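Scroll down for the structure; my scribbles are underneath it.
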Amino acid sequence: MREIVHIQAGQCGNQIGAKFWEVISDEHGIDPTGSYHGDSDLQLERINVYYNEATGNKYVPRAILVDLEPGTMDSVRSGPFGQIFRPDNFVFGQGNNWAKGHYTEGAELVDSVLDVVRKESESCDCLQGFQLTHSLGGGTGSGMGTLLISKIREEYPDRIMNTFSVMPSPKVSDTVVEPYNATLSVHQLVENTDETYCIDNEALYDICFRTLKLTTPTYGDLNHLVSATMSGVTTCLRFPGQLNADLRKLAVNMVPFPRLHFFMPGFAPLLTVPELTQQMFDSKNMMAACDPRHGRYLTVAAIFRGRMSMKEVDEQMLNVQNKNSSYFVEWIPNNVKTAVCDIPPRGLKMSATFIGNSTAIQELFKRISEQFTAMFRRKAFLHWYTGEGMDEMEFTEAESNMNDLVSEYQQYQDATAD
Amino acid sequence: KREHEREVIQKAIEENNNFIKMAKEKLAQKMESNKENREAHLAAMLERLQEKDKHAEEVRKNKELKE
Amino acid sequence: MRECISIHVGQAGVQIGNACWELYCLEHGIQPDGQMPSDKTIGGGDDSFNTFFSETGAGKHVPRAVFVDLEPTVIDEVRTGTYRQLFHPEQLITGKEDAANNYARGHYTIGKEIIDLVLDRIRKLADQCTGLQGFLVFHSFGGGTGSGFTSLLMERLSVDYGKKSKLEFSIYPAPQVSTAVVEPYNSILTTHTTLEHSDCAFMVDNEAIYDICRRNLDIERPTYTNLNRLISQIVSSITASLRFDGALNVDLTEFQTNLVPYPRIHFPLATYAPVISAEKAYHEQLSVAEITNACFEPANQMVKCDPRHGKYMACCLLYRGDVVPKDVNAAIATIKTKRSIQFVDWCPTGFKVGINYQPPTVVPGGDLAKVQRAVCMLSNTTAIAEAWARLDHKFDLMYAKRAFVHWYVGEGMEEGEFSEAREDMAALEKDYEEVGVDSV
Ligand SMILES: Nc1nc2c(ncn2[C@@H]2O[C@H](COP(=O)(O)OP(=O)(O)OP(=O)(O)O)[C@@H](O)[C@H]2O)c(=O)[nH]1
Ligand SMILES: Nc1nc2c(ncn2[C@@H]2O[C@H](COP(=O)(O)OP(=O)(O)O)[C@@H](O)[C@H]2O)c(=O)[nH]1
Ligand SMILES: COc1ccc(N(C)c2nc(Cl)nc3ccsc23)cc1
Ligand SMILES: [Ca+2]
Ligand SMILES: [Mg+2]
């Protein structure tokens with residue numbers, strides 16, 4: 001067993017966390033009580049990656065729930081599958097300010113969360129590491145989530161830290177301090193995670209509005225996309241296949257330089273094998289509001305789920321690379337790897353999930369950089385933060401580090417083999 | 001000729017011994033510097049995480065001074 | 001006596017070991033429980049098959065083998081599989097954390113925690129040998145375990161067993177079935193570290209095996225199991241001389257004398273024929289001349305390269321089945337006239353021939369047709385260096401930008417280990433150029 005410990009934090013973190021556990025429990029045949037009423041056993045062969053086994057054949061997600069507000073905890077327990085989680089793994093406090101989540105309010109509660117992390121970790125035969133779901137635009141998931149990463153990283157410096165980070169969009173939330181909170185979190189993520197899935201609320205909205213034609217898409221509409229993606233990118237962690245994937249092998253093969261670890265996920269359909277491939281590389285199927293043809297792919301992981309000719313998948317993946325060869329860096333040979341799993345996600349006979357490390361991700365960070373400096377060069381709203389003891393230099397530094405990430409992404413987009 | 005015969009077999013023994021000796025010393029030196037280097041990298045990683053705790057304490061201190 | 005101990009390392013090595021030992025059992029009449037009814041030597045004997053199998057008092061024939069992996073997944077399937085009773089549990093060794101496709105973890109971080117145990121188990125096998133000849137080491141170039149742990153083991157074996165013979169079966173990476181983008185790094189690191197510790201190494205190019213399954217067995221998308229059944233046939237041809245008696249049998253070590261002109265030039269090209277489906281072998285018997293001819297068709301090589309644009313330093317033919325020297329000599333004579341076989345000027349041009357009469361076996365439910373006669377050719381050709389050139393180029397594209405190097409440095413490796421390894425490979429490619437130049 002190679003256990004992952006899952007952590008969800010803040011408003012957004014706990015919502016997408018529950019849906020992920022709903023979707024993969026359904027795919028592995030676990031009901032809200034934790035019992036296995038499953039058809040195939042491929043579901044149980046690697047089930048220990050994400051589930052603790054309990055007496056009476058109960059499966060408890062290795063999941064820890066955290067928030068500085070007690071409300072969203074209650075909805076989780078009331079929500080579908082709320083009884084499957086272990087009740088001790090709920091940690092709750094009693095405000096959309098990163099500083100409060102990271103330095104003052106969140107610090108007050110972080111020691112209590114680590115106690116729960118330790119308990120689940122000490123029962124592990126061989127811990128892979130952690131995956132954190134959170135938004136970067138609020139206060140708890142953003143500020144306290146990144147504090148938790150630092151504290152966990154200090155205690156498990158040889159484990160992999162992976163996050164699913166939800167980037168803010170004005171198209172979804174009007175809270176003005178989102179660009180500050182996002183920039184401060186990114187500053188933490190660049191230094192202290194090994195892999196981050198950029199789950200962009202702008203792209204999720206744009207998919208719902210344009211592709212899915214929803215005039216006013218809800219957080220429920222957005223998260224349906226998120227659950228499909230999270231199911232896809234975890235496929236090779238959860239099922240037996242030609243590759244024994246784990247979080248470390250994902251990092252090693254996707255991250256050519258430590259800081260360039262922010263992935264564009266893609267999903268299709270939002271079909272024929274050529275079409276799945278064609279759509280999956282399409283900008284309209286990306287969960288990060290970036291156009292890949294505005295950059296170059298350092299590495300790509302592709303997962304095909306369902307029943308299909310793997311010969312045809314092989315040819316189509318070779319085909320898309322040959323026809324789009326300019327958008328894959330030539331100094332990393334064979335930088336696209338494909339995996340195939342027989343079980344499709346719920347409701348689909350065939351799906352394709354895409355994980356790209358693309359220099360076009362700089363567009364996402366550029367967008368946040370604009371909203372950030374629009375306020376900071378006015379020194380606007382700093383008092384919410386300097387009032388907590390923060391220094392102007394800290395905002396300049398977090399801004400400067402995220403500026404550096406875009407330059408570095410631009411540096412390797414322009415590099416050539418000869 | 002007898003003298004030359006045992007010098008040949010002594011030479012064969014000496015080369016085989018020297019090869020064994022250098023392989024043993026080569027990996028002993030390799031594992032030693034590998035262990036140092038990995039530890040230096042982990043030590044630097046903790047030293048910067050600890051600086052994050054020093055900075056977080058200072059942040060709360062400055063908040064108190066603001067009262 | 002003259003025992004051989006096999007060591008299977010990492011996923012590729014373990015799974016190929018499964019195919020090989022299954023095939024050996026079928027070839028020798030050994031049941032999955034290890035009983036061999038035709039062996040009247042109960043608990044012992046100095047028979048030819050005893051180089052690869054020891055015997056218990058209870059009549060069980062046990063592979064002289066150790067399986068090592070840094071994670072339990074692949075070896076667990078051996079522990080619960082069809083041939084579980086064949087192996088003593090101590091022969092199957094597993095850690096808990098694999099190398100995560102990282103040579104530095106296989107060689108140092110994870111590998112160093114289990115190396116002493118592995119050498120203890122190997123030592124227990126050696127101590128049961130009255131005449132140990134050497135080791136056969138199976139592994140991938142590309143895996144973190146196959147590369148890093150294997151080279152650590154080869155270093156320790158040179159220390160613990162002097163210059164006792166060490167042979168390799170090495171899986172060269174191919175994009176069609178590879179698992180990691182850093183396989184070129186792991187390949188160059190392990191080739192460099194292992195070069196001095198190996199006497200003879202058989203490279204198996206996964207793309208060549210993948211093509212043969214697609215072209216000649218009509219397999220649309222070959223799996224590891226398809227590749228390994230073919231690979232085990234080649235491994236069986238090479239080891240057949242060690243495992244069977246025969247008047248015309250020629251020992252593998254006698255072919256080695258011819259295959260290895262300088263210590264570093266020790267990578268023979270293997271070519272195997274016939275590989276044919278049951279549907280096509282029907283009412284179609286391949287003669288000695290036809291299967292011999294097929295050994296000079298590049299599409300049948302274990303490593304993609306073009307011997308027609310290189311030079312030969314040796315050429316060996318290993319036949320099994322219904323073959324007599326007269327047919328072989330006739331087939332060679334016509335081939336010499338009709339083919340592009342250029343030898344370097346400093347070595348003789350004759351072909352060394354071995355014949356074992358036991359005909360090839362096929363695993364039930366496989367894809368290979370059962371044939372009356374087969375041949376594996378082993379040639380020392382300068383052409384095999386092309387495979388080094390392709391890998392060194394892939395290594396160079398990534399290393400110039402230092403792509404992924406931080407994963408190795410983070411495990412304690414230094415940049416100088418990469419450049420030292422790449423320089424040795426450059427000097428190897430140059431060695432192969434120099435042996436092909438005419439004398440003065
Ligand atoms: N022919 C053949 N090749 C294999 C097989 N399994 C893996 N390989 C090759 O081995 C390479 C990767 O090395 P692996 O052996 O799988 O990795 P490992 O030895 O388990 O080491 P780790 O990375 O730590 O897991 C790939 O490029 C594959 O082509 C197999 O069963 N048959
Ligand atoms: N895509 C998406 N974004 C969300 C969701 N919930 C919150 N956000 C974003 O997160 C930011 C506010 O963070 P918040 O959820 O309030 O953090 P918390 O209250 O501390 O848990 C806003 O900019 C939102 O855009 C969600 O369900 N989906
Ligand atoms: C660029 O080359 C590679 C990219 C990724 C990987 N690994 C480890 C993967 N890990 C997971 Cl979890 N899923 C997938 C799906 C397709 S590949 C893959 C390996 C090589
Ligand atoms: Ca016997
Ligand atoms: Mg492995």
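Going by what the header records, the deposited coordinates were determined by X-ray crystallography, 2.4 Å.
Just so it is clear, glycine is given a Cβ too, placed from its N, Cα and C backbone atoms.
The following features are taken from Swiss-Prot:
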ACT_SITE  C:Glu254  active site
BINDING   C:10-12, C:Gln15, C:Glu71, C:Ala99, C:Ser140, C:143-146, C:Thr179, C:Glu183, C:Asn206, C:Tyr224, C:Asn228, C:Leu252  GTP binding site
BINDING   C:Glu71  Mg(2+) binding site
CROSSLNK  C:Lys326  ubiquitin cross-link
CROSSLNK  C:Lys370  ubiquitin cross-link
MOD_RES   C:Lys40  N6,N6,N6-trimethyllysine
MOD_RES   C:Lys40  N6-acetyllysine
MOD_RES   C:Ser48  phosphoserine
MOD_RES   C:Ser232  phosphoserine
MOD_RES   C:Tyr282  3'-nitrotyrosine
MOD_RES   C:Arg339  omega-N-methylarginine
MOD_RES   C:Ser439  phosphoserine
MOTIF     C:1-4  motif 'MREC motif'
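Counting neighbouring Cβ atoms within 10 Å of each of the recorded positions (C:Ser48, C:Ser140, C:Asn228), the lowest count belongs to C:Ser48.
DSSP gives C:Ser439 (phosphoserine) a coil state; it is part of no helix or strand. Counting residue by residue with DSSP, the motif 'MREC motif' (C:1-4) contains 0 helix, 1 strand, 3 coil.
Contact annotation for recorded positions (C:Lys40, C:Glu71, C:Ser232, C:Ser439) versus ligand 5: C:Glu71, each with CB under 6 Å from a ligand atom. C:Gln15, C:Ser140, C:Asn228 are the recorded positions among C:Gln15, C:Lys40, C:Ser140, C:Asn228, C:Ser439 whose C-beta comes within less than 6 Å of an atom of ligand 1, given in sequence order. When the Cα of C:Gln15 (GTP binding site) is compared against those of the recorded positions C:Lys40, C:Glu254, C:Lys326, C:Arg339, the shortest separation belongs to C:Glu254. Checking each of the binding-site residues C:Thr145, C:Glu183, C:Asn228 against C:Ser439 (phosphoserine) by C-alpha distance, the shortest gap belongs to C:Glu183.
If you take the Cα of the residue listed as 'active site' and the Cα of C:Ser140 (GTP binding site), they are about 26 angstrom apart, rounded to a whole number. A helical conformation is recorded for C:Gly10 (GTP binding site) in the three-state DSSP classification. Here the candidates are the recorded positions C:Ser140, C:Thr145, C:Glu183, C:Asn228, C:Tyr282, and by Cα distance the one nearest C:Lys40 (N6,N6,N6-trimethyllysine) turns out to be C:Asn228.
Following the DSSP three-state reduction, the secondary structure of C:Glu254 (active site) is helix.
Candidate recorded positions: C:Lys40, C:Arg339, C:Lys370. Fewest other C-beta atoms within 10 angstroms, C:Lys40.
Cβ neighbours within 10 Å of C:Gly10 (GTP binding site), excluding its own Cβ and spanning all shown chains: 29.
Counting in whole angstrom, C:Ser48 (phosphoserine) lies 19 from C:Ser232 (phosphoserine) by their C-alpha atoms. Across the structure, C:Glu183 (GTP binding site) and C:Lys326 (ubiquitin cross-link) are spaced 46 Å apart at their Cα atoms. Within the same chain, residues at least six positions away from C:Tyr282 (3'-nitrotyrosine) with a Cβ under 8 Å of its Cβ are C:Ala369. Considering only the binding-site residues C:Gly10, C:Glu71, C:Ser140, C:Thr145, C:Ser232 (phosphoserine) has C:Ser140 as its nearest partner by CA-CA distance.
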